[PDB]
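The structure appears right after this line, and notes come after that.
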Amino acid sequence: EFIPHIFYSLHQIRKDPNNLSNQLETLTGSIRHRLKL
Amino acid sequence: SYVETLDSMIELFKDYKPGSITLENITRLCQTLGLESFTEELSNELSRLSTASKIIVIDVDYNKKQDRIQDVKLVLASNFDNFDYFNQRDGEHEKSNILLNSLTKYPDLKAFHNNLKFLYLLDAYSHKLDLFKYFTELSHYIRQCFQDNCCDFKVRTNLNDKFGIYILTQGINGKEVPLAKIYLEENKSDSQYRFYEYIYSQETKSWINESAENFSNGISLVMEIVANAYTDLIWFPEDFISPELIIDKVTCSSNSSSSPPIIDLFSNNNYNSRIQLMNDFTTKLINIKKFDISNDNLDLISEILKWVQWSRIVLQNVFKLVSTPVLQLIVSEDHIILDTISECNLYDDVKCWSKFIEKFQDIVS
Amino acid sequence: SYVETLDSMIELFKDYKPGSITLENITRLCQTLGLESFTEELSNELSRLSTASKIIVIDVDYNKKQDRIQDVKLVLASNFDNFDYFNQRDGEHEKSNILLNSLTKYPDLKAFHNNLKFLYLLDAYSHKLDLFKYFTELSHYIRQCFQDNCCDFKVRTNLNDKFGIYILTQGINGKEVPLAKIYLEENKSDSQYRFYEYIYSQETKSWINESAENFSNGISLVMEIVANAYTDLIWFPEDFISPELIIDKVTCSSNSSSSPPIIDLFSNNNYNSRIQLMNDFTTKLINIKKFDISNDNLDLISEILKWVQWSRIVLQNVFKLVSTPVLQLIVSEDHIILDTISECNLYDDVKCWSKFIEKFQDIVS
């Protein structure tokens, strides 16, 4: 399953941009992983 | 400008994708507002999410078996326990809770987020000014001010699962129609802006500041005009209200030629062939959505509402009737004259305005 | 002392022979209070007596054929038109006019004179303190103060064709019983006594003086205890309330040996043979009828009423049961102990007091 994970990661992006760049980069990498699969 | 743009982008993302109603998204939303949050297991079937700030405590009961919110309770740590968080419906014995409704009747957290931002605003800016007390009492003072000034307006709190003081008029079918919403907003322009407690005195028939020592900083009392929506927009003379009291001017951004439909109707020869229209406006018409009515400006509520009502009953109907494909029709800021046949002004009663429109419709039809 | 004695004799004559209800006696009564009076002929059958002062205007309609008063209207020249001069009866659609009732239901002018003296007091002492406005609003502030303090007292205005704020309790049969009457009286002791406006703030849950500039001189807010009447008298510890707040101390004049029936019950061996009574009062018991509750003393209303209610439910019933011809009964100022079996104190709920009296009655019977 990639659809709910994409949704959720999308929402903690749009909820907390104030996270340090580390979390943003890691989470974007996670979304790139899910759409790659 | 980077911080202001980032905050504007964050506000846009919060509004564009509010998230689904889940316990985790409610907890994350509360934490994003700086609210302290903990989860307790009340039973094998029931979990409570409790969220707290300086004054507010919100308990959210969650049924683990049904995947649904069961109850929501607001508790204040103020000496004022009487804060109305229920919807005012005439004739229902069940006061419907705004916070519970915002989590059960809506598909997303947008309704709940807006109501929580309002409670958090009162919490952050309440001290010796208690804004929970003052905002509750203000609805009674406005209701009294209208009784004393013979204004045919109804005051309700909390309409359609949203916090606010709503000002209603009777519509053509006896249905109540919202004209304006009064609420508190953060003053983005001046953090040093002093917001005082103003009470409507029955004895003087005026607003009075009883306690000039009781103020909050960085908050404004806002009057928002509830458009039923370009023909349903309310237009004001540019000099009707001081420009310092205008919070939201709808700038027609310079790439769509929407004059007021009123001014396009002075420029476009597509009239009823029975009417010669004459413009006697001295000022430009501006679209205003939000007014600052803080402090000494509370007297303006009745004047703004009379204009909004006159503009809806008279001006908008005159424009609708003239625009549908020789008597002289003079239209000014405060008066309308149809040759020697009929006139009405802004200071006449609503019954005179209705009689003017009936006669005008009989001539134009 | 001649003027004070003459005024006391004049008050005594006014109270002893109020006069019959006739147009001439009503006119003379109004003129004796310094009210301007004129008589108009409205018709061959109807005459109006109009009486006026600074703020009050009273029209009395008289039917010449029936020899009877037909109507009475009060009009205020204040910006406050909402002064309640009707009796508050639950469930009657006809608000019965106090002034009209005082002239139609009573055999004499005594009821009308007392109500007119009260209106004249408000008229004389109203200025920027408007006492008509303040006295009307005070009934709402007291009602709120009891809701916020969880006091089981009902507030009514205008009971039994008399002006006043009446405080009622539920009696044993669910019948409402008056405990106290709040009203304004002339301050005979100090003409310089400043009477301020005090508002009950919902936000602070306290009485506040919003406008220390709004005062009247030579008036006091009086709380009178409504005795249902020597066993029905309410007795207070001498140190319960500051002696400066006591307007009317019933001095047992030195020629009738009426101790409090309570103190005679510590001296007289005619007890129920099952009870050993122990007195643990540290102070003397005094009979107080009237309290000054002006200004900062408005907080005392709830404390005085709790004492009056506790004294009626507990003390008076304990005394009745002990006096009707071995367990130790300790009676103190704020607590009563029946050996190890049952206790109650002044700070317990009314339900605890009732349960104590039921158990005490079961033992003593």
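Chain labels follow the order of the structure tokens: the first chain is A, the next B, and so on; residue numbering restarts at 1 in every chain, and ligands are counted from 1 in their shown order.
When DSSP reads the backbone of this structure, the residues of region 149-262 of chain B it assigns to helix (DSSP H, G or I) are residues 243, 244, 245, 261 and 262 of chain B.
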Which residues come within 9 Å of residue 31 (chain A), counting only C-alpha atoms, excluding same-chain residues fewer than 6 positions away, as a PDB file with N, CA and C atoms, in the first residue's frame?
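Generated file (selection_34.pdb):
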ATOM      1  N   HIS A   5      -0.201   6.011   3.009  1.00  0.00           N
ATOM      2  CA  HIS A   5       1.077   6.547   3.455  1.00  0.00           C
ATOM      3  C   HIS A   5       1.370   7.882   2.785  1.00  0.00           C
ATOM      4  N   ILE A   6       1.069   7.987   1.490  1.00  0.00           N
ATOM      5  CA  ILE A   6       1.228   9.254   0.781  1.00  0.00           C
ATOM      6  C   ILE A   6       0.344  10.317   1.410  1.00  0.00           C
ATOM      7  N   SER A   9       1.867  11.306   5.024  1.00  0.00           N
ATOM      8  CA  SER A   9       3.102  12.076   4.920  1.00  0.00           C
ATOM      9  C   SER A   9       2.827  13.459   4.342  1.00  0.00           C
ATOM     10  N   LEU A  10       1.934  13.532   3.352  1.00  0.00           N
ATOM     11  CA  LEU A  10       1.446  14.803   2.850  1.00  0.00           C
ATOM     12  C   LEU A  10       0.908  15.679   3.976  1.00  0.00           C
TER      13      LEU A  10
END
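The protein and nucleic acid residues lying at most 7 Å from region 151-159 of chain B are residues 86, 87, 88, 139, 143, 146, 147, 162, 163, 164, 165, 166, 167, 168 and 169 of chain B, with only C-alpha atoms considered and sequence neighbours fewer than 3 positions away removed.
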Output the selection as a PDB file, in the first residue's frame - N, CA and C atoms for each residue.
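Writing done, so here's again-v6.pdb:
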ATOM      1  N   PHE B  86     -22.552  26.877  22.746  1.00  0.00           N
ATOM      2  CA  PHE B  86     -23.655  26.210  22.079  1.00  0.00           C
ATOM      3  C   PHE B  86     -24.207  27.069  20.946  1.00  0.00           C
ATOM      4  N   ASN B  87     -24.769  26.424  19.928  1.00  0.00           N
ATOM      5  CA  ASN B  87     -25.497  27.145  18.890  1.00  0.00           C
ATOM      6  C   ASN B  87     -26.835  27.656  19.416  1.00  0.00           C
ATOM      7  N   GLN B  88     -27.144  28.914  19.115  1.00  0.00           N
ATOM      8  CA  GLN B  88     -28.444  29.490  19.429  1.00  0.00           C
ATOM      9  C   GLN B  88     -29.463  29.167  18.326  1.00  0.00           C
ATOM     10  N   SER B 139     -22.709  40.728  23.476  1.00  0.00           N
ATOM     11  CA  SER B 139     -23.918  40.335  22.746  1.00  0.00           C
ATOM     12  C   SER B 139     -25.206  40.899  23.371  1.00  0.00           C
ATOM     13  N   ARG B 143     -27.552  44.023  21.777  1.00  0.00           N
ATOM     14  CA  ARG B 143     -29.008  43.803  21.733  1.00  0.00           C
ATOM     15  C   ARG B 143     -29.756  44.961  22.380  1.00  0.00           C
ATOM     16  N   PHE B 146     -29.587  48.261  20.217  1.00  0.00           N
ATOM     17  CA  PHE B 146     -30.597  48.222  19.155  1.00  0.00           C
ATOM     18  C   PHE B 146     -32.022  48.473  19.650  1.00  0.00           C
ATOM     19  N   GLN B 147     -32.385  47.966  20.829  1.00  0.00           N
ATOM     20  CA  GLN B 147     -33.685  48.251  21.443  1.00  0.00           C
ATOM     21  C   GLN B 147     -33.839  49.745  21.744  1.00  0.00           C
ATOM     22  N   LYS B 162     -20.268  28.025  14.326  1.00  0.00           N
ATOM     23  CA  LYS B 162     -19.166  28.992  14.332  1.00  0.00           C
ATOM     24  C   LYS B 162     -19.336  30.009  15.445  1.00  0.00           C
ATOM     25  N   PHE B 163     -18.258  30.267  16.177  1.00  0.00           N
ATOM     26  CA  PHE B 163     -18.225  31.351  17.157  1.00  0.00           C
ATOM     27  C   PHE B 163     -18.374  32.726  16.490  1.00  0.00           C
ATOM     28  N   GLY B 164     -19.169  33.590  17.121  1.00  0.00           N
ATOM     29  CA  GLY B 164     -19.422  34.954  16.669  1.00  0.00           C
ATOM     30  C   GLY B 164     -20.742  35.516  17.186  1.00  0.00           C
ATOM     31  N   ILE B 165     -20.849  36.840  17.206  1.00  0.00           N
ATOM     32  CA  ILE B 165     -22.101  37.564  17.436  1.00  0.00           C
ATOM     33  C   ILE B 165     -22.680  37.918  16.064  1.00  0.00           C
ATOM     34  N   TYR B 166     -23.808  37.322  15.711  1.00  0.00           N
ATOM     35  CA  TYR B 166     -24.467  37.490  14.425  1.00  0.00           C
ATOM     36  C   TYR B 166     -25.616  38.482  14.535  1.00  0.00           C
ATOM     37  N   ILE B 167     -25.654  39.421  13.595  1.00  0.00           N
ATOM     38  CA  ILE B 167     -26.709  40.421  13.483  1.00  0.00           C
ATOM     39  C   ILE B 167     -27.592  40.038  12.308  1.00  0.00           C
ATOM     40  N   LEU B 168     -28.870  39.798  12.578  1.00  0.00           N
ATOM     41  CA  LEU B 168     -29.845  39.327  11.605  1.00  0.00           C
ATOM     42  C   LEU B 168     -30.914  40.388  11.347  1.00  0.00           C
ATOM     43  N   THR B 169     -31.386  40.430  10.108  1.00  0.00           N
ATOM     44  CA  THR B 169     -32.581  41.176   9.697  1.00  0.00           C
ATOM     45  C   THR B 169     -33.679  40.206   9.285  1.00  0.00           C
TER      46      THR B 169
END
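Proximity to chain A at a cut-off of 9 Å picks out residues 10, 13, 14, 17, 18, 19, 25, 28, 29 and 32 of chain B on chain B, counting only C-alpha atoms.
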Keeping only N, CA, C and O atoms, write those residues as a CSV table (one decimal), in the first residue's frame.
chain,number,residue,atom,x,y,z
B,10,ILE,N,1.8,29.0,5.3
B,10,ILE,CA,1.3,28.0,6.3
B,10,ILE,C,-0.2,28.2,6.5
B,10,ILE,O,-0.9,27.1,6.6
B,13,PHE,N,-1.8,26.5,3.5
B,13,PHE,CA,-1.8,25.0,3.6
B,13,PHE,C,-2.8,24.5,4.7
B,13,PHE,O,-3.4,23.5,4.4
B,14,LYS,N,-2.9,25.1,5.8
B,14,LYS,CA,-3.8,24.8,6.9
B,14,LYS,C,-5.3,24.9,6.3
B,14,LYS,O,-6.1,24.0,6.6
B,17,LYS,N,-5.9,22.0,3.1
B,17,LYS,CA,-6.0,20.6,3.4
B,17,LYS,C,-6.1,20.4,4.9
B,17,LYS,O,-5.1,19.9,5.6
B,18,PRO,N,-7.2,20.7,5.5
B,18,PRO,CA,-7.5,20.7,7.0
B,18,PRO,C,-7.2,19.3,7.7
B,18,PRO,O,-7.1,19.3,8.9
B,19,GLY,N,-7.1,18.3,6.9
B,19,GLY,CA,-7.0,16.9,7.4
B,19,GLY,C,-8.3,16.3,7.8
B,19,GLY,O,-9.3,16.9,8.0
B,25,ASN,N,-4.9,13.5,14.1
B,25,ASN,CA,-4.9,14.8,13.4
B,25,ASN,C,-5.4,15.9,14.4
B,25,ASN,O,-4.9,17.0,14.3
B,28,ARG,N,-2.4,16.6,16.7
B,28,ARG,CA,-1.4,17.4,15.9
B,28,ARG,C,-1.9,18.8,15.7
B,28,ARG,O,-1.1,19.7,15.8
B,29,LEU,N,-3.2,19.0,15.4
B,29,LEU,CA,-3.7,20.4,15.2
B,29,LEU,C,-3.6,21.2,16.5
B,29,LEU,O,-3.1,22.3,16.5
B,32,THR,N,0.0,22.1,17.1
B,32,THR,CA,0.4,23.1,16.2
B,32,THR,C,0.0,24.5,16.7
B,32,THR,O,0.6,25.5,16.3
Exercise. Record the distance separating CA of residue 205 (chain C) and CA of residue 349 (chain C), expressed in Å with one decimal.
Key: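 Interatomic distance, CA of residue 205 (chain C) to CA of residue 349 (chain C): 20.8 Å.
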Practice problem: Would you kindly return, as a list in words, each protein, DNA or RNA residue with an atom no farther than 12 Å from any atom of residue 347 (chain B), considering only C-alpha atoms and excluding same-chain residues fewer than 2 positions away? | Solution: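 My list of contacting residues is residues 151, 302, 303, 306, 307, 309, 310, 333, 334, 335, 336, 343, 344, 345, 349, 350, 351, 352 and 353 of chain B.
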Would you mind exporting N, CA and C atoms of the selected residues as a compact mmCIF listing (two decimals), in the first residue's frame?
# COMPACT_ATOMS: atom_id res chain seq x y z
N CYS B 151 -33.69 50.04 16.39
CA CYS B 151 -33.18 49.30 15.24
C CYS B 151 -33.83 47.92 15.18
N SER B 302 -24.61 50.58 14.31
CA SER B 302 -25.96 50.91 13.85
C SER B 302 -25.96 51.65 12.52
N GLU B 303 -24.99 52.53 12.28
CA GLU B 303 -24.88 53.30 11.04
C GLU B 303 -24.48 52.40 9.86
N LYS B 306 -27.50 50.07 9.04
CA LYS B 306 -28.53 50.83 8.32
C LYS B 306 -28.15 51.02 6.86
N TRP B 307 -26.89 51.38 6.59
CA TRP B 307 -26.38 51.45 5.22
C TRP B 307 -26.47 50.11 4.50
N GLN B 309 -28.44 47.56 5.11
CA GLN B 309 -29.85 47.26 4.90
C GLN B 309 -30.47 48.12 3.79
N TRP B 310 -30.22 49.43 3.80
CA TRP B 310 -30.67 50.36 2.76
C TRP B 310 -30.10 49.99 1.39
N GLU B 333 -25.81 59.41 -2.76
CA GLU B 333 -25.27 58.66 -1.62
C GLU B 333 -26.35 58.28 -0.60
N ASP B 334 -27.22 59.20 -0.20
CA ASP B 334 -28.18 58.99 0.89
C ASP B 334 -29.65 59.12 0.47
N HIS B 335 -29.93 59.48 -0.79
CA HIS B 335 -31.29 59.66 -1.29
C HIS B 335 -31.46 59.20 -2.74
N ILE B 336 -32.66 58.72 -3.07
CA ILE B 336 -33.05 58.36 -4.43
C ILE B 336 -34.38 59.04 -4.75
N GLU B 343 -39.75 59.42 -3.66
CA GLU B 343 -38.40 59.57 -3.13
C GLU B 343 -38.25 58.69 -1.89
N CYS B 344 -37.01 58.31 -1.57
CA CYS B 344 -36.65 57.74 -0.28
C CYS B 344 -35.21 58.10 0.07
N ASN B 345 -34.91 58.19 1.36
CA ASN B 345 -33.57 58.44 1.87
C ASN B 345 -33.14 57.39 2.90
N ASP B 349 -37.72 55.05 7.45
CA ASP B 349 -37.97 53.69 7.92
C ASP B 349 -37.97 52.66 6.78
N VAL B 350 -37.66 51.40 7.10
CA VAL B 350 -37.70 50.26 6.16
C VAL B 350 -39.03 50.18 5.39
N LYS B 351 -40.15 50.54 6.03
CA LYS B 351 -41.48 50.57 5.38
C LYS B 351 -41.56 51.59 4.24
N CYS B 352 -40.87 52.72 4.35
CA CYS B 352 -40.79 53.73 3.30
C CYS B 352 -39.94 53.22 2.13
N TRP B 353 -38.83 52.55 2.42
CA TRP B 353 -37.98 51.91 1.41
C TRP B 353 -38.74 50.85 0.61
Quiz item: Counting only C-alpha atoms, which of B:67, B:299, B:213, B:292 gets nearest to residue 243 (chain B)?
Solution: B:292
Check which residues of chain C sit at most 7 Å from chain B using only C-alpha atoms, and return one row each with the closest pair of atoms and their distance in Å to one decimal, ordered by chain and rising number, as a Markdown table.
| residue | atom | partner | partner_atom | distance |
| --- | --- | --- | --- | --- |
| C:79 | CA | B:203 | CA | 5.9 |
| C:80 | CA | B:203 | CA | 5.9 |
| C:130 | CA | B:203 | CA | 6.9 |
| C:133 | CA | B:203 | CA | 6.6 |
| C:202 | CA | B:80 | CA | 5.8 |
| C:203 | CA | B:80 | CA | 4.4 |
| C:204 | CA | B:79 | CA | 5.2 |
| C:205 | CA | B:79 | CA | 5.8 |
| C:210 | CA | B:210 | CA | 5.2 |
| C:211 | CA | B:210 | CA | 6.0 |
Self-check item: Which of region 24-203 of chain C fall in strand (DSSP E or B), as a PyMOL selection string
Solution: chain C and resi 36-41+46-52+56-63+68-76+86+97+154-159+162-170+176-186+194-196+199-201
Quiz item: What is the distance, in Å and to one decimal place, between CA of residue 324 (chain C) and CA of residue 346 (chain C)?
Solution: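 Distance reported for this atom pair: 24.5 Å.
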Practice problem: Show which residues sit within 8 Å of region 294-298 of chain C, as a ChimeraX atom specification. Count only C-alpha atoms, and ignore same-chain residues fewer than 5 positions away. | Solution: /C:195-198,207,220-222
Please produce an output containing N, CA and C atoms for each residue in the selection, written as a PDB file, in the first residue's frame.
ATOM      1  N   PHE C 195     -23.396  56.494  48.541  1.00  0.00           N
ATOM      2  CA  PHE C 195     -23.943  55.280  47.976  1.00  0.00           C
ATOM      3  C   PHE C 195     -23.519  55.152  46.518  1.00  0.00           C
ATOM      4  N   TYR C 196     -22.710  54.146  46.200  1.00  0.00           N
ATOM      5  CA  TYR C 196     -22.191  53.918  44.853  1.00  0.00           C
ATOM      6  C   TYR C 196     -22.961  52.823  44.114  1.00  0.00           C
ATOM      7  N   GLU C 197     -22.853  52.843  42.790  1.00  0.00           N
ATOM      8  CA  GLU C 197     -23.300  51.757  41.923  1.00  0.00           C
ATOM      9  C   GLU C 197     -22.321  50.578  41.970  1.00  0.00           C
ATOM     10  N   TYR C 198     -22.808  49.409  42.387  1.00  0.00           N
ATOM     11  CA  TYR C 198     -22.054  48.160  42.344  1.00  0.00           C
ATOM     12  C   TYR C 198     -22.731  47.161  41.410  1.00  0.00           C
ATOM     13  N   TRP C 207     -18.716  41.535  43.111  1.00  0.00           N
ATOM     14  CA  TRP C 207     -19.217  42.900  42.994  1.00  0.00           C
ATOM     15  C   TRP C 207     -18.065  43.846  42.661  1.00  0.00           C
ATOM     16  N   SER C 220     -29.184  54.506  51.843  1.00  0.00           N
ATOM     17  CA  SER C 220     -28.604  53.193  52.127  1.00  0.00           C
ATOM     18  C   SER C 220     -29.434  52.090  51.476  1.00  0.00           C
ATOM     19  N   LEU C 221     -28.756  51.044  51.008  1.00  0.00           N
ATOM     20  CA  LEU C 221     -29.372  49.792  50.597  1.00  0.00           C
ATOM     21  C   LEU C 221     -29.562  48.901  51.822  1.00  0.00           C
ATOM     22  N   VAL C 222     -30.818  48.618  52.135  1.00  0.00           N
ATOM     23  CA  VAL C 222     -31.216  47.903  53.342  1.00  0.00           C
ATOM     24  C   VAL C 222     -31.664  46.496  52.997  1.00  0.00           C
TER      25      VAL C 222
END
Practice problem: Would you work out the distance separating CA of residue 194 (chain C) from CA of residue 208 (chain B), expressed in Å to one decimal? | Solution: 22.1 Å
Just the residues within 8 Å of residue 20 (chain B), please, counting only C-alpha atoms, with nothing from its chain fewer than 3 positions along; format it as a PDB file with N, CA, C and O atoms, in the first residue's frame.
ATOM      1  N   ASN B  25      -4.904  13.460  14.119  1.00  0.00           N
ATOM      2  CA  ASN B  25      -4.936  14.760  13.448  1.00  0.00           C
ATOM      3  C   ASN B  25      -5.445  15.870  14.380  1.00  0.00           C
ATOM      4  O   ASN B  25      -4.931  16.981  14.314  1.00  0.00           O
ATOM      5  N   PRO B 107     -16.852  17.152   7.116  1.00  0.00           N
ATOM      6  CA  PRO B 107     -15.995  16.095   6.576  1.00  0.00           C
ATOM      7  C   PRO B 107     -14.523  16.227   7.000  1.00  0.00           C
ATOM      8  O   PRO B 107     -13.753  15.276   6.852  1.00  0.00           O
ATOM      9  N   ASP B 108     -14.119  17.400   7.481  1.00  0.00           N
ATOM     10  CA  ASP B 108     -12.734  17.753   7.760  1.00  0.00           C
ATOM     11  C   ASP B 108     -12.591  18.598   9.034  1.00  0.00           C
ATOM     12  O   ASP B 108     -13.577  19.026   9.641  1.00  0.00           O
ATOM     13  N   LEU B 109     -11.347  18.844   9.452  1.00  0.00           N
ATOM     14  CA  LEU B 109     -11.045  19.625  10.656  1.00  0.00           C
ATOM     15  C   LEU B 109     -11.155  21.144  10.462  1.00  0.00           C
ATOM     16  O   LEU B 109     -10.827  21.883  11.387  1.00  0.00           O
TER      17      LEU B 109
END
